[PDB]
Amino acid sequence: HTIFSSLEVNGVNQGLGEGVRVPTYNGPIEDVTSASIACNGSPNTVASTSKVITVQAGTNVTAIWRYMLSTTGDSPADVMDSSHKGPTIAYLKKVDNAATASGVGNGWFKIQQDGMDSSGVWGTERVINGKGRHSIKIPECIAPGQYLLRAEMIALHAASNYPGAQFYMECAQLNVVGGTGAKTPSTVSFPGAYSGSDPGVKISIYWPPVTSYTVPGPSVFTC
(Lines of atoms letter the chains of each structure in order from A and count residues from 1; the text may use other names and numbers.)
(Lines give C-alpha, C1' and ligand atoms only; values in the text may rest on other atoms or scores of the structure.)
Protein backbone atom coordinates (compact mmCIF):
# COMPACT_ATOMS: atom_id res chain seq x y z
CA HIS A 1 0.00 0.00 0.00
CA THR A 2 1.48 3.26 -1.25
CA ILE A 3 0.55 6.42 -3.19
CA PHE A 4 2.57 8.52 -5.66
CA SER A 5 1.34 11.79 -4.21
CA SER A 6 3.67 14.56 -5.38
CA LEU A 7 6.21 15.27 -8.08
CA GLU A 8 9.58 16.97 -7.81
CA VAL A 9 10.66 19.02 -10.84
CA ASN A 10 13.92 21.08 -11.09
CA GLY A 11 14.57 20.12 -7.46
CA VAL A 12 11.30 21.58 -6.10
CA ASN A 13 8.33 19.58 -4.88
CA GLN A 14 5.18 20.76 -6.68
CA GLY A 15 2.84 20.06 -3.78
CA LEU A 16 0.67 17.29 -2.40
CA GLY A 17 -1.85 16.30 -5.03
CA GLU A 18 -0.81 19.27 -7.23
CA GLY A 19 -0.61 18.03 -10.78
CA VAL A 20 -0.89 14.42 -9.56
CA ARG A 21 -4.32 12.73 -9.60
CA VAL A 22 -4.32 11.16 -6.16
CA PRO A 23 -6.62 8.54 -4.68
CA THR A 24 -7.95 8.86 -1.18
CA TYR A 25 -6.97 5.30 -0.31
CA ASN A 26 -3.68 3.51 -0.77
CA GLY A 27 -4.89 0.07 -1.88
CA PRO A 28 -3.94 -1.60 -5.14
CA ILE A 29 -5.65 -2.40 -8.39
CA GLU A 30 -5.59 -6.16 -9.06
CA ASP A 31 -7.59 -6.52 -12.32
CA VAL A 32 -5.39 -5.76 -15.30
CA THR A 33 -8.43 -5.62 -17.55
CA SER A 34 -10.06 -2.82 -15.59
CA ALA A 35 -10.04 0.77 -16.86
CA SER A 36 -8.62 1.61 -13.41
CA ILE A 37 -5.25 0.15 -14.41
CA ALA A 38 -4.49 3.28 -16.48
CA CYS A 39 -4.57 6.08 -13.86
CA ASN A 40 -6.14 4.29 -10.87
CA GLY A 41 -9.90 4.49 -10.25
CA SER A 42 -12.80 2.41 -9.03
CA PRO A 43 -13.18 1.00 -6.47
CA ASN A 44 -10.90 3.77 -5.28
CA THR A 45 -11.78 7.48 -5.67
CA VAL A 46 -9.29 9.67 -7.59
CA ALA A 47 -9.15 13.44 -7.23
CA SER A 48 -8.86 15.82 -10.12
CA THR A 49 -6.32 18.61 -10.21
CA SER A 50 -6.17 21.64 -12.46
CA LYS A 51 -2.37 22.03 -12.29
CA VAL A 52 -0.26 21.11 -15.30
CA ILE A 53 3.44 20.96 -14.52
CA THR A 54 5.98 22.33 -16.99
CA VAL A 55 9.05 20.15 -17.45
CA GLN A 56 12.03 20.37 -19.79
CA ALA A 57 12.53 17.44 -22.11
CA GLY A 58 15.68 15.49 -21.22
CA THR A 59 15.55 16.27 -17.47
CA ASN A 60 14.52 13.93 -14.67
CA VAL A 61 11.42 14.28 -12.58
CA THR A 62 11.09 12.44 -9.31
CA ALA A 63 7.86 10.75 -8.22
CA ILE A 64 7.54 10.77 -4.43
CA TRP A 65 5.83 7.69 -3.00
CA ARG A 66 4.30 7.68 0.48
CA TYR A 67 2.28 5.20 2.50
CA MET A 68 -0.77 7.49 2.86
CA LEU A 69 -1.69 10.98 1.75
CA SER A 70 -1.16 12.32 5.25
CA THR A 71 2.23 10.66 5.76
CA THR A 72 4.91 13.17 6.81
CA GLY A 73 8.06 11.03 7.12
CA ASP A 74 10.32 9.40 4.56
CA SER A 75 11.51 6.31 6.43
CA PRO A 76 10.91 2.87 4.89
CA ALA A 77 7.54 2.31 6.65
CA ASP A 78 6.48 5.80 5.49
CA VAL A 79 6.86 4.63 1.84
CA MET A 80 5.67 1.02 1.53
CA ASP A 81 5.84 -2.26 3.41
CA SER A 82 9.08 -4.14 2.85
CA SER A 83 7.16 -7.25 1.76
CA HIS A 84 6.09 -5.46 -1.41
CA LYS A 85 8.90 -6.52 -3.72
CA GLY A 86 8.64 -5.79 -7.42
CA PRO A 87 9.46 -3.43 -10.27
CA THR A 88 9.09 0.32 -10.68
CA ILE A 89 7.88 1.51 -14.09
CA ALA A 90 6.92 4.76 -15.77
CA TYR A 91 5.04 5.60 -18.96
CA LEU A 92 4.05 8.73 -20.90
CA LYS A 93 0.99 9.36 -23.07
CA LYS A 94 0.52 12.38 -25.36
CA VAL A 95 -2.87 14.05 -24.81
CA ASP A 96 -4.49 17.26 -26.02
CA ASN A 97 -5.41 18.48 -22.50
CA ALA A 98 -3.59 16.93 -19.55
CA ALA A 99 -6.03 18.33 -16.97
CA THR A 100 -8.98 16.52 -18.54
CA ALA A 101 -7.74 13.50 -20.54
CA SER A 102 -8.72 10.18 -18.83
CA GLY A 103 -5.62 8.11 -19.66
CA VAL A 104 -7.63 5.06 -20.69
CA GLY A 105 -6.80 3.61 -24.09
CA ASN A 106 -3.90 3.65 -26.49
CA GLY A 107 -0.94 6.06 -26.60
CA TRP A 108 1.28 4.89 -23.71
CA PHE A 109 4.98 4.30 -24.09
CA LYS A 110 7.38 3.10 -21.40
CA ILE A 111 10.19 5.46 -20.38
CA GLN A 112 11.66 3.86 -17.24
CA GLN A 113 11.77 0.47 -15.52
CA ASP A 114 13.70 -1.09 -12.65
CA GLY A 115 13.00 -4.80 -12.13
CA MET A 116 15.41 -7.12 -10.28
CA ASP A 117 19.13 -6.58 -10.55
CA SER A 118 21.96 -9.10 -10.64
CA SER A 119 22.15 -9.00 -6.82
CA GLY A 120 18.50 -9.93 -6.32
CA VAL A 121 17.39 -6.43 -5.24
CA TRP A 122 14.10 -5.10 -6.61
CA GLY A 123 13.18 -1.67 -7.91
CA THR A 124 10.64 -1.15 -5.14
CA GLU A 125 13.34 -1.75 -2.53
CA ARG A 126 15.37 1.12 -3.98
CA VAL A 127 12.35 3.38 -3.60
CA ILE A 128 11.44 2.12 -0.10
CA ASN A 129 14.99 2.65 1.13
CA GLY A 130 15.56 5.82 -0.94
CA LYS A 131 13.09 8.12 0.85
CA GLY A 132 10.34 7.23 -1.64
CA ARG A 133 12.14 8.79 -4.58
CA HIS A 134 11.48 7.30 -8.01
CA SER A 135 13.59 9.16 -10.61
CA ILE A 136 12.35 9.19 -14.21
CA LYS A 137 14.03 10.73 -17.23
CA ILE A 138 11.76 12.58 -19.68
CA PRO A 139 13.22 11.75 -23.14
CA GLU A 140 14.72 14.68 -25.03
CA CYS A 141 13.59 13.41 -28.43
CA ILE A 142 9.80 13.45 -28.03
CA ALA A 143 7.39 16.05 -29.36
CA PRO A 144 6.57 18.94 -27.04
CA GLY A 145 3.08 19.19 -25.67
CA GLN A 146 0.82 17.89 -22.94
CA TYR A 147 1.40 14.41 -21.53
CA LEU A 148 0.22 12.17 -18.76
CA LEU A 149 2.99 10.53 -16.73
CA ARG A 150 1.96 7.14 -15.22
CA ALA A 151 4.31 6.04 -12.47
CA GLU A 152 3.83 2.52 -11.10
CA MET A 153 5.06 0.10 -8.49
CA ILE A 154 3.99 -3.53 -8.69
CA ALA A 155 4.15 -5.68 -5.57
CA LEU A 156 4.64 -9.37 -6.32
CA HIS A 157 4.73 -10.92 -2.84
CA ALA A 158 1.26 -12.40 -3.35
CA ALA A 159 1.49 -12.98 -7.12
CA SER A 160 1.92 -16.76 -7.35
CA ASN A 161 -1.53 -16.94 -8.98
CA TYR A 162 -3.58 -14.37 -10.79
CA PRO A 163 -5.25 -12.32 -9.39
CA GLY A 164 -2.45 -11.65 -6.95
CA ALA A 165 -0.13 -9.01 -8.27
CA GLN A 166 -0.80 -5.59 -6.74
CA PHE A 167 -0.58 -2.58 -9.05
CA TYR A 168 -0.05 0.89 -7.51
CA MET A 169 -0.14 3.76 -9.97
CA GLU A 170 -0.98 7.43 -10.35
CA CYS A 171 -0.95 9.89 -13.22
CA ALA A 172 0.71 13.29 -13.28
CA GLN A 173 -0.16 16.11 -15.69
CA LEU A 174 2.80 17.50 -17.66
CA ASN A 175 3.58 20.17 -20.21
CA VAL A 176 6.80 19.02 -21.86
CA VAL A 177 8.84 21.87 -23.36
CA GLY A 178 11.95 21.64 -25.44
CA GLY A 179 11.43 18.23 -27.01
CA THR A 180 12.95 17.88 -30.44
CA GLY A 181 10.19 15.73 -31.96
CA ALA A 182 12.89 13.66 -33.62
CA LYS A 183 11.43 10.30 -32.67
CA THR A 184 7.90 8.90 -32.58
CA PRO A 185 7.27 6.10 -30.03
CA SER A 186 5.27 2.96 -30.71
CA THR A 187 2.45 2.81 -28.16
CA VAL A 188 0.37 0.39 -26.10
CA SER A 189 -3.02 0.56 -24.36
CA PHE A 190 -4.04 0.50 -20.71
CA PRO A 191 -5.93 -1.73 -20.23
CA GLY A 192 -4.33 -4.14 -22.67
CA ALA A 193 -0.57 -4.05 -22.21
CA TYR A 194 -0.57 -6.34 -19.15
CA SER A 195 -2.14 -9.76 -19.01
CA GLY A 196 -2.80 -12.06 -16.07
CA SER A 197 -0.61 -14.73 -17.68
CA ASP A 198 2.44 -12.54 -18.21
CA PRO A 199 5.60 -14.00 -16.65
CA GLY A 200 6.17 -10.82 -14.68
CA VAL A 201 2.60 -10.71 -13.32
CA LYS A 202 1.90 -14.37 -12.41
CA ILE A 203 5.12 -15.31 -10.63
CA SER A 204 6.24 -17.02 -7.42
CA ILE A 205 9.16 -14.91 -6.28
CA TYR A 206 10.28 -17.06 -3.35
CA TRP A 207 9.81 -20.63 -4.36
CA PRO A 208 11.65 -21.43 -6.42
CA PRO A 209 13.77 -18.26 -5.87
CA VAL A 210 13.80 -16.13 -9.05
CA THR A 211 17.10 -15.21 -10.63
CA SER A 212 15.77 -13.05 -13.50
CA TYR A 213 12.59 -11.04 -13.82
CA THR A 214 10.83 -9.89 -16.99
CA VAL A 215 9.12 -6.54 -16.38
CA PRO A 216 5.68 -6.51 -18.01
CA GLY A 217 4.78 -4.22 -20.86
CA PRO A 218 6.74 -2.96 -23.88
CA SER A 219 10.44 -2.28 -24.18
CA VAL A 220 11.70 1.03 -22.85
CA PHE A 221 11.64 3.83 -25.40
CA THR A 222 15.03 5.42 -25.96
CA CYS A 223 16.28 8.29 -28.07
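Numbering starts at 1 and follows the sequence shown.
The question of which stretch, 112-120 or 86-94, has the higher mean Cα B factor is settled in favour of 112-120. Just going by the entry, 38-46 versus 180-188 on mean CA temperature factor gives the higher value to 180-188. Per the PDB record, residue ranking by Cα B-factor puts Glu152 in the lowest third of the chain. Ranked within its chain, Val9 lands in the middle third, by CA B factor from the PDB record. Placement of the Cα temperature factor of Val61 within the chain: middle third of the modelled residues, per the deposited record. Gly196: CA B factor lies in the highest third for its chain, per the PDB record. Compared with the other modelled residues of the chain, the Cα B-factor recorded for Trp207 ranks in the highest third.
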